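Everything on this sheet refers to the single structure shown next.
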Amino acid sequence: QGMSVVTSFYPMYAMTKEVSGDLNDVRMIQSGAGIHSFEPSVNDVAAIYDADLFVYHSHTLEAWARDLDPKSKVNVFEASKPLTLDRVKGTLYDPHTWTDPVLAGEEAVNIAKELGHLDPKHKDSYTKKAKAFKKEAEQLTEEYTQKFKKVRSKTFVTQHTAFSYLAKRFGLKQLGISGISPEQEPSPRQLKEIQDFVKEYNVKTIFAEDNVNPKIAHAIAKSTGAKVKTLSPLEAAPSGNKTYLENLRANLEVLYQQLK
Ligand SMILES: [Zn+2]
C-alpha cells in the first residue's frame with residue numbers, strides 16, 4: 031500500500047521520508063560511508079527497478095544514476114536539478143549543498159513536488175509537510191546566521207571539502223584536509239600548506255568525521271596545537287532517530303561552540 035520509494039544516501043532518505051510522512055515506503059541504498067566512491071550492487075539496481083520512484087541527489091555525486099534506462106514504471110528523480118552547484122576551485139562541481147539549511151530545505155521541497163506529481167491524491171500532505179521542513183530550515187538558518195555573527199573566529203578545518211555551502215551561508219571559511227571526495231587525499235606538500243593554514247588563521251579544532259580515519263586528522267592537530275572533534279557532512283546515517291534538520295542543527299552547534 032503506497033508507492034515504493036528508494037533513495038541514494040542519507041540526506042535523500044531523510045528528506046523524501048520526512049516529506050512523505052507515513053504515506054509511502056521509503057528505503058535507502060547506502061546508509062554508511064563512501065557515497066562518493068559508491069557503486070550500486072546488482073541488488074541495489076533491482077530495488078530501483080521494482081520501485082515507483084528512486085530519488086538521488088545529483089549526477090555530480092551519484093554518477094551511477096545516469097546509467098539507468100528501465104522495462105519498469107520506475108521514476109528516476111535527480112532531486113538537485115534546480116539548485117546551482119558551485120564549481121570546484123583550485137570543471138567539476140561541489141555537490142555538498144545539503145549541509146546548507148536553505149538549499150537543503152528547498153531540495154526537500156523539490157522532492158515533495160515529485161512526490162505530489164506521482165500521487166496527486168495526496169499532493170497536499172506532500173506540499174504541506176514540505177512547508178514545515180522548509181520552515182524549520184529558515185528558523186535554523188536565522189538562529190545560526192545570528193550566532194555566528196557574534197563569533198570572531200570564522201575559520202574551520204574539516205576532514206574533507208564538504209562544508210563549502212554551510213560555511214558560505216554563515217559567513218565562515220572552511221578548509222578540507224582532503225578534497226570534494228574523501229579519496230582525494232593531500233600529498234606531504236599539501237599537508238604542510240594545511241598546517242600553515244591552521245597556524246596562520248589560528249584554527250584550534252580539526253574536525254574529523256566518522257566516515258574516515260582520523261590518524262592524519264590527529265597528526266595535524268598535534269603539530270598545530272589543536273584538538274580533534276567530530277563534524278559530520280551527514281553523508282552516513284547518523285546514530286539515533288533525529289530529524290534531518292535536528293542532525294544538521296546538532297553539528298551547527300558543535301561548529302558554533304568551537305569557533306566560540
Ligand atoms: Zn563529501
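In the authors' numbering, the protein residues as written are 31 to 100, 104 to 123, 137 to 306. Positions of the beta carbon are idealized from the N, C-alpha and C atoms, including for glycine.
Separation of residue j from residue i, as counted between CA atoms
i: residue 275; j: residue 162; result: 40 Å
i: residue 198; j: residue 294; result: 22 Å
i: residue 206; j: residue 93; result: 19 Å
i: residue 69; j: residue 97; result: 11 Å
i: residue 263; j: residue 243; result: 14 Å
i: residue 173; j: residue 46; result: 12 Å
i: residue 191; j: residue 100; result: 44 Å
i: residue 304; j: residue 44; result: 27 Å
i: residue 188; j: residue 85; result: 29 Å
i: residue 142; j: residue 297; result: 15 Å
i: residue 267; j: residue 223; result: 12 Å
i: residue 156; j: residue 42; result: 11 Å
i: residue 289; j: residue 48; result: 8 Å
i: residue 282; j: residue 255; result: 10 Å
i: residue 250; j: residue 65; result: 29 Å
i: residue 291; j: residue 62; result: 19 Å
i: residue 105; j: residue 285; result: 34 Å
i: residue 39; j: residue 261; result: 26 Å
i: residue 111; j: residue 271; result: 43 Å
i: residue 259; j: residue 73; result: 29 Å
i: residue 218; j: residue 113; result: 24 Å
Where residue i falls, given that 16 or more other Cβ within 10 Å makes a residue buried
i: residue 149; result: buried
i: residue 138; result: exposed
i: residue 56; result: buried
i: residue 248; result: exposed
i: residue 76; result: exposed
i: residue 166; result: exposed
i: residue 151; result: buried
i: residue 180; result: buried
i: residue 210; result: buried
i: residue 153; result: buried
i: residue 241; result: buried
i: residue 175; result: buried
i: residue 60; result: buried
i: residue 71; result: exposed
Best match in the options for proximity to residue i [C-alpha to C-alpha]
i: residue 203; options: 106, 225, 99; result: 225
i: residue 301; options: 121, 253, 67; result: 253
i: residue 220; options: 208, 64, 230; result: 208
i: residue 52; options: 42, 33, 182; result: 33
i: residue 269; options: 239, 40, 257; result: 239
i: residue 185; options: 146, 159, 37; result: 146
i: residue 140; options: 299, 306, 228; result: 228
i: residue 87; options: 95, 212, 279; result: 95
i: residue 79; options: 277, 109, 218; result: 109
i: residue 230; options: 212, 245, 123, 37; result: 123
i: residue 83; options: 50, 90, 201; result: 50
Next on the checklist: Below 8 Å, how does it come out for the stretch 176 to 195 and the stretch 227 to 243: are there three or more Cβ pairs, yes or no?
Outcome noted: The stretch 176 to 195 vs the stretch 227 to 243: no contact.
Checklist entry - Do the stretch 56 to 65 and the stretch 104 to 118 meet, that is, are 3 or more Cβ pairs less than 8 Å apart? => result no
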